[PDB]
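Novice: Here you go, one structure.
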Amino acid sequence: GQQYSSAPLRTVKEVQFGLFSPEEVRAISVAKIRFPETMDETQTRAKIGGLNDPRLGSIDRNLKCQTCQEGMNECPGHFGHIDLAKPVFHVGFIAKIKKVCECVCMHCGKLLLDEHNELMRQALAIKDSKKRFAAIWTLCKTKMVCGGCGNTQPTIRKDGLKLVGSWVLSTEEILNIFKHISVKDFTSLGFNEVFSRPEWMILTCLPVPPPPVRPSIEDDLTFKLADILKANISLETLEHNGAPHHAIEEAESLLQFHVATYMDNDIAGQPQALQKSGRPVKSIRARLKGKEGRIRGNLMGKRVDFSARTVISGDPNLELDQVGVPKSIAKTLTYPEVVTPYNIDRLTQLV
Amino acid sequence: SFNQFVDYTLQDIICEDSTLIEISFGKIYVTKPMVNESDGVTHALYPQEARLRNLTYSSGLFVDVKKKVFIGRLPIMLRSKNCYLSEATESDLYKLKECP
Amino acid sequence: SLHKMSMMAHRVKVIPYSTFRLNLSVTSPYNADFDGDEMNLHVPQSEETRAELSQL
Amino acid sequence: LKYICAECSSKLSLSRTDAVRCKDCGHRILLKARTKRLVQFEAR
Amino acid sequence: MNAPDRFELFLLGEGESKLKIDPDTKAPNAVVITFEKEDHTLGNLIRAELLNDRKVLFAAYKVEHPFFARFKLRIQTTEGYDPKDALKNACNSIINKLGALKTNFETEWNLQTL
Amino acid sequence: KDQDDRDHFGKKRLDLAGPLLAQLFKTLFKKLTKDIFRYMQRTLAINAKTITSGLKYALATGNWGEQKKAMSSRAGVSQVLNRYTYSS
Amino acid sequence: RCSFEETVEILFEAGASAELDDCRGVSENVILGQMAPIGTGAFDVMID
Amino acid sequence: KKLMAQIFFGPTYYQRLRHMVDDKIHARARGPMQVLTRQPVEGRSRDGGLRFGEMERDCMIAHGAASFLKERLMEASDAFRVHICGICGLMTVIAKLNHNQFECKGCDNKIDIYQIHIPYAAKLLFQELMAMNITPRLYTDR
Amino acid sequence: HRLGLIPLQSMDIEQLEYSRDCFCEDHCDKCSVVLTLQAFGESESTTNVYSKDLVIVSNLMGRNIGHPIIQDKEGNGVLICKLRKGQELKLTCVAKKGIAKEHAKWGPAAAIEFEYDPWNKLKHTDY
Amino acid sequence: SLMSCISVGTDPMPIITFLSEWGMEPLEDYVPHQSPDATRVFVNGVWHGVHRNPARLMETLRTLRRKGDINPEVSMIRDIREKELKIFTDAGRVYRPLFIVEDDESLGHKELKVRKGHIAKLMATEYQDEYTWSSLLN
Amino acid sequence: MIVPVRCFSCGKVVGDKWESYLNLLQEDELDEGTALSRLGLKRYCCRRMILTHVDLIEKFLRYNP
Amino acid sequence: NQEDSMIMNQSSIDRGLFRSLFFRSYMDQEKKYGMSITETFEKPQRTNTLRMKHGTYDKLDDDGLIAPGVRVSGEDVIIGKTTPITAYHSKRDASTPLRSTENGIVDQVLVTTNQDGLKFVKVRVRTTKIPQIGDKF
DNA sequence: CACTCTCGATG
RNA sequence: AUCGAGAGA
Ligand SMILES: [Mg+2]
Ligand SMILES: [Mg+2]
Ligand SMILES: [Zn+2]
Ligand SMILES: [Zn+2]
Ligand SMILES: [Zn+2]
Ligand SMILES: [Zn+2]
Ligand SMILES: [Zn+2]
Ligand SMILES: [Zn+2]
């Protein structure tokens, strides 16, 4: 097998889905990702203190791997983290976020209708999160004026990877909005306390997947992360140094684009973000989408050991519940039989 | 189809579409399938040698340019006009190690 | 494998030549002729699982 | 060792650091000669 | 690739005896003999010759699988008559008939032309 | 008069080696004359590898239309000649 | 539900709504590589 | 002996097709795995395994054979042991074995740790979801 | 293969021995018969290689054996091969005692015609 | 299929010139009310005008093709009841050879143009190896 | 390739009868049936064996290697 | 011979019924790099080459190729090539093994320079396949 | 939306 | 290994 662990062997009973809070993201990480360089640094077969750190996981068939050692077969994957110069949108939530902005007015951070209303008392009565959110969203997106703060709530529509307003909404602004929706309003529309918050949907800092996720024979994920870090350093460079008005915004949209296409590459947006070889690139989303995906192709079913396959033929002299097995296959396929006093002679002869 | 492409279409592609500002492209010349070796010596290429040496059975294109020049290599369909095998007899094909 | 009878536990009989040989009357549940059809064979790796095969 | 040309009845013996082409021919297609160690055949 | 050697049709394997005489548990005074490296050529002939013996109640041969060159021969005789003696008498009868057949064919061949 | 038959073979065409190589060569030659325009405005040194490696690529991969995966001709226009049997 | 048709989006809205997976479903124990509550595994074996 | 029924018997042109058993016959008992999923490689020439697909899984479910299903999906394929934090329930655990030092930066956990057996493809899925800003928290209690 | 199928004289075959039974290494004169074949394209025309071109090398020591059967009218026998102009065939054949049950090349007989009860008076056949 | 071929493509211009020089009224000089029964002539999907007395034109065209003056791969469709004449010089058209049936036989009826003499010449060419398929077409 | 040495079905030698067959076809100008008959090929398996054969080696010999 | 299967006469099979020749070509080539780094065809020793193959190289000659006529089977090495990347083990193995499932006889070895002046090789192995139980007709 | 062998060009 | 192509049931 592997090796003795002092930890008790337990079975997975529950799976609690949720979001990755930036705080927990940077707290979980074991390596900061500053340099976009992959491995080699000035003609050196090693790892620069940027991408693919030895802390994330050594990759040279060594005996060491981030203090804990245990080679590279026992070691799972140690995540990193990268801080973005400016917050961006998570593609798979573009719809959901766009709905949350229509359930709560701007600046303030309160629900439009309360228990004072008649229909809202019936909408918030639903215990099911999805049905509750679906019911409230339809009876709240028609409100224009507004707890006080009577601000005229604008009409928000989708455009590429940003959001507009009609009386353009920045990602930082929406962060500041979702940061002030408080706890009581979260339970009213599906979200959880310490598991999933709207202020965690947007990507402040994003986690960096370990080398076992993106192996080297480099992987597409390595290139995409290199692109994200490239746009990040570019944005920082355009921010700290000379900062034009109509230039840094393009860098923000670029970083947003790369981060968005890093996860989902099949969006309504025509730019599919190709690669150097002209390949449309393999996103994380495409990896999971069946039937060649991870779930249907590696979890619901997968290639197995101790298996054989051959052209079949009929045999009038075999019993119904028998199967003719070629000698070569019989030599190949094996069974682990523990040595007992009952079979020690037979097994000894077989050996 | 291929013969139609070589004897007519190619000239139309070169002449009736391209002119710069000047250099006007004139006639197009299609040679017999040959190979420019690493040795430097350019020589005639027969299909069997092409298949054995993983080469490409292609001829060269040469255009007259005003105010001649090699512009690339066109893969030649076997038993076409520019193919050596079209004019070849049975004994020729046998000697060329090509199946009749 | 359309139904459960597409996977059934058989008793091994090692034979010469390179073909999975099966009884004719087992053709119907597998839906298989012998005009080039190929079949797969999976070997259990413990007592409890081969017990599952032999008893279920 | 030794080789033999393709489109002529020759018998080259040029080892490594030589290869192509051929002696009094000009073509670069070279085949390897048959082994000296005889192989038996069960005439069945 | 998985095909057995051809001589395994007539060449006795390691430890394999020609005849394997086993007591039949079904009917009393019966026997089943396993002939190795033999086929229908010997089986059908011996079986047919055992049906001529009027003191033989049962006689049947079978080749359980055409892959292997072997056949089983079940013989049941009357009480006071060992089945091995029936097999022996059958064999000797066969040999005698074949000797006579050979002699006759030879004397008939000498009287021919071209 | 009833609807037109969209499955009528007479109102369909079969593009052979000619037309395909014609489209491809028009593309490659336009790219070539464009490149030559660039070398001209930069100022005999004509990159012949464009047409050569282009034609070779499209004939080797079966992906008609140089190296752009946006092509809908990914159905393998050129295939390895099946030589299992003369009839094949 | 992610092991059929819409895969990734299901996981997305699952992570967005913080859904609890009881793991008493077949495919869920199939993913976890555990003896699912199926026929043979529909109970427990203890000693007395 | 004669045959009762007479036989339709005569010359007929038959042809030998390209499919021959010795080019098809395949058997693997623990062979080369892939690098990404750590599952058996694809192909007879690469000494690969055969896909115990979705429908086969369905069949084994219908049979009720649970242990066989688990064995096909673990021991006979990609069986991997991972460590899970008792707090957040993620694969953040830094297990320094041979020193029994199960660290976890983020929750300060050294004594409340767990160990589970899942497919390596499941670990891959969970890691990819974590790389997609999703937390598949794994608790071992009801 | 073609060489294997060639009919050889098996008159005194009963005083030859099986190689498997012979106490020698591989083969000898008591168990096998060695005969060579050396053919070379000489003429401009096609040079045929027949079974008559087989030449016994081993010592037959009296036994009528090994000689390739030639029922051919021109005295050539089985057409083994065809050579061009510079083509050559040099080989050695070891012939061993064998049973047609092992391989059909050791079959002494062709077709054996066999028919009983021409009038179907026994009714072994329902026409 | 064994005998099916593909049109290589040819220049439609000389056919156009012929049509115009053989009684085809230009489309720009077409007045529908004063000539309703005028067969409109098409070439490669292009309406080049109409034409009265289309039978003579069609027989002329067909004769030209069968002589060789018009490329044998060029298709010529005469639609009587629809009063249209569509000539295609388009490439990629799948066509096939057919025996021509004519009723020019005086001491007879409608017979194949090809006769046993032609076949005899063909097999003469076959046995000798000058009268080939092209001569059948011309 | 070349004329099969013996008939597949029964085992009658037929590899010595090919040239004789060709001669019987061109020299005596016989038809295939009578030619096959005179060569003692009564059973239609051998009859087939020679009649059905295509001597491809005669083309194989057209190459110089 | 039920459910679309057939019985074939073994005796006729012995006489050459439906026998076939099966040729297979392997192609290898010596790579080239900017700084004149070149792979070479040779028979490498286990002490001077990394990784190596589990099969034997004893059928290779000095030029790293089999002589046509030699019987090959299993995972034998057909083409011997190395790639360099003092110091022990200065070469990486890039040799080509005979197909693991197949076997036969080296029919013909072809050695030829490429258009870019690269010495590349095509080795053809011949195998006579005899009709067996499970063959498709 | 619905298991194989394979080939052959690509990074 | 990643994308296209042929084919087996
Ligand atoms: Mg059927
Ligand atoms: Mg079938
Ligand atoms: Zn580690
Ligand atoms: Zn407000
Ligand atoms: Zn030469
Ligand atoms: Zn934790
Ligand atoms: Zn001896
Ligand atoms: Zn016969």
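Novice: About its Cα centre, what dipole magnitude does chain I give when the only charges are +1 on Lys and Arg Cβ and -1 on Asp and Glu Cβ, stated in debye to the nearest 20?
Specialist: The dipole magnitude comes to about 240 debye.
Novice: Going by amide H atoms built from the backbone, whose H comes under 5 Å of the H on J:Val94, apart from near neighbours?
Specialist: Under 5 Å from the amide H of J:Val94: F:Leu14, J:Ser7.
Novice: Taking each residue of A:68-79 in turn, how many C-beta atoms of other protein chains fall within 10 Å of its C-beta, and what is the average?
Specialist: Working: counts 10, 4, 5, 0, 0, 2, 4, 3, 13, 8, 4, 6.
The per-residue average across the peptide is 5.
Novice: Amide H to amide H, which residues 5 or more places from A:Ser283 or on other chains are under 5 Å from it, using H placed in the peptide plane?
Specialist: Amide H neighbours of A:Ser283: A:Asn265.
Novice: HN-Hα J couplings of the stretch G:36-47 from phi, Karplus 6.51/-1.76/1.60, θ = phi - 60°, integer Hz, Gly and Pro as x?
Specialist: Using θ = phi - 60°, the values come out as 4, x, 10, x, 5, x, 7, 7, 10, 10, 10, 10 Hz.
Novice: Taking amide H positions as placed in the peptide plane 1.01 Å from N, state which residues far from L:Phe22 in sequence (5 or more) or on other chains have amide H under 5 Å from it.
Specialist: L:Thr127, L:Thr128, L:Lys129
Novice: Taking N as the number of residues in the stretch B:1-58, what value does Rg over Cα atoms divided by 2.2 N^0.38 Å take? Don't skip to the end; give the middle numbers.
Specialist: On the way: Rg = 15.5 Å, N = 58, 2.2 N^0.38 = 10.3 Å.
It is 1.50.
Novice: Whole-Hz ³J(HN,Hα) for each residue in the stretch C:27-35, computed from phi via Karplus 6.51 cos²θ - 1.76 cosθ + 1.60 with θ = phi - 60°, x for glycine and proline: what do you get?
Specialist: Here the 3J(HN,Hα) series is 4, 4, x, 6, 6, 8, 9, 10, 9 Hz.
Novice: Enumerate the whole-percent occupancy of each 10 Å bin, from 0 to the last occupied one, for all C-alpha pair distances of chain L.
Specialist: 11, 33, 26, 15, 10, 5, 1
Novice: Next question, about the same structure. With an 8 Å cut-off on Cα pairs and a minimum separation of 6 or more residues, tell me the relative contact order of chain I in percent.
Specialist: Reported as a whole number, the value is 31 percent.
Novice: Express the relative contact order of chain K as a whole percentage, based on alpha carbon pairs under 8 Å and six or more residues apart in sequence.
Specialist: It comes to 40 percent, rounded to a whole number.
Novice: Now, a different point. Most exposed first by the Cβ proxy, i.e. fewest other Cβ within 10 Å, how do F:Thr43, B:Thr56, A:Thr138 rank?
Specialist: Starting with the residue having the fewest Cβ neighbours, the order is F:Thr43, A:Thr138, B:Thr56.
Novice: Does chain K classify as rounded, prolate or oblate by the C-alpha gyration tensor (a ≥ b ≥ c root eigenvalues; a/c under 1.5 gives rounded; else a/b over b/c gives prolate, otherwise oblate)?
Specialist: oblate
Novice: How would you classify the protein assembly as shown from its alpha-carbon gyration tensor, with a ≥ b ≥ c the square roots of the eigenvalues: rounded for a/c under 1.5, else prolate if a/b is greater than b/c, otherwise oblate?
Specialist: Oblate is the answer for the protein assembly as shown, as a/c is 1.5 or above yet b/c matches or exceeds a/b.
Novice: Can you give the translational diffusion coefficient of chain A in µm²/s, computed by Stokes-Einstein from the Kirkwood radius over Cα pairs at 37 °C and 0.692 mPa s?
Specialist: 130
Novice: Specify the inter-centroid distance of the stretch B:38-69 and the stretch H:85-142, based on alpha-carbon positions, in whole Å.
Specialist: 63
Novice: Rounding to the nearest 20 debye, state how big the charge dipole of chain E is about its Cα centre with +1 on each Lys and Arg Cβ and -1 on each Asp and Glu Cβ.
Specialist: It comes to approximately 280 debye.
Novice: Still on this structure: As I understand it, the dipole of chain I uses +1 on the Cβ of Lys and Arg and -1 on the Cβ of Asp and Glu, about the Cα centre. Which of I:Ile56, I:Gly41, I:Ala110 lies farthest toward its positive end?
Specialist: I:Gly41
Novice: Given that compact globular proteins tend to follow 2.2 N^0.38 Å, what is the ratio of the alpha-carbon Rg of chain G to that value?
Specialist: The reported ratio for this selection is 1.48.
Novice: Same structure again: Provide the net charge surrounding H:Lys96, with neighbours chosen by a C-beta distance below 9 Å and charges set as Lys +1, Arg +1, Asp -1, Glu -1.
Specialist: Numbers: positive: none; negative: A:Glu70, H:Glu103.
It works out to a net charge of -2.
Novice: Where in chain K is the longest stretch that carries no GluC sites (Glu not before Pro) classed as loop by DSSP and with at most 14 other Cβ atoms within 10 Å?
Specialist: K:30-65
Novice: Another question, if that's okay. Assign unit charges at the C-beta atoms only (+1 for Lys and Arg, -1 for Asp and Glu), then state the dipole size of chain J relative to its Cα centre in Debye, rounded to the nearest 20.
Specialist: Working: 18 positive and 21 negative charges, 72 e Å.
Computed charge dipole of chain J: roughly 340 debye.
Novice: Could you state, as a whole-number percent, how many of the C-alpha pairs of chain E are farther apart than 26 Å? Write down the numbers at each step before the final one.
Specialist: Working: 2187 of 6441 pairs.
Tail fraction, whole percent: 34.
Novice: Only sites in a loop by DSSP and with at most 15 other Cβ atoms within 10 Å count here; which GluC sites (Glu not before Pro) in the stretch A:62-145 make the cut?
Specialist: A:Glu115, A:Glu118
Novice: Rounded to whole Hz and in sequence order, give me ³J(HN,Hα) for the stretch B:40-48 from the Karplus expression 6.51 cos²θ - 1.76 cosθ + 1.60, θ = phi - 60°, writing x for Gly and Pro.
Specialist: 3J(HN,Hα) across the stretch B:40-48, in whole Hz: x, 6, 7, 9, 5, 10, 9, x, 4.
Novice: Related question: Looking at D:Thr35, D:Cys8, D:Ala19, which one has the Cα that reaches farthest to the positive end of the dipole of chain D (charges on Cβ: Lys, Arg +1; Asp, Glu -1)?
Specialist: With unit charges placed on the Cβ atoms, the residue in question is D:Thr35.
Novice: Any chance you could check the Cα centroid distance between chain D and the stretch A:63-104 for me, in angstrom?
Specialist: Taking the Cα centre of each part, chain D and the stretch A:63-104 sit 62 Å apart.
Novice: Then there's this: What does the C-alpha gyration tensor say about the overall shape of chain D? Classify as rounded when a/c is under 1.5, otherwise prolate if a/b is larger than b/c, or oblate.
Specialist: Taking the square roots of the gyration eigenvalues as a ≥ b ≥ c, chain D is prolate.
Novice: At most 14 other Cβ atoms within 10 Å and a DSSP loop assignment: could you name the trypsin sites (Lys or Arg not before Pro) in the stretch A:23-64 that fit?
Specialist: Qualifying residues, ordered by number: A:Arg45, A:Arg61, A:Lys64.
Novice: Among B:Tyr29, B:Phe70, B:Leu55, whose Cα lies farthest out toward the positive end of the dipole of chain B, if unit charges sit on the beta carbon of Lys, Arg (+1) and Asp, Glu (-1)?
Specialist: B:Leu55
Novice: Here's a follow-up. Using DSSP to call loops (not H, G, I, E or B), can you name the GluC sites (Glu not before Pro) in the stretch A:245-319 whose Cβ has at most 11 other Cβ atoms within 10 angstrom?
Specialist: Hits after loop and neighbour filter: A:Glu292.
Novice: Another question about this same structure. Can you give the longest stretch of chain E with no exposed loop site, where a site means trypsin sites (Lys or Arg not before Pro) in a DSSP loop (not H, G, I, E or B) with at most 16 other C-beta atoms within 10 Å?
Specialist: E:56-114
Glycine gets a Cβ as well: all are built from the backbone with ideal geometry, and neighbour counts include every protein chain shown. No value in this document is a laboratory result; all are computed from the given coordinates.
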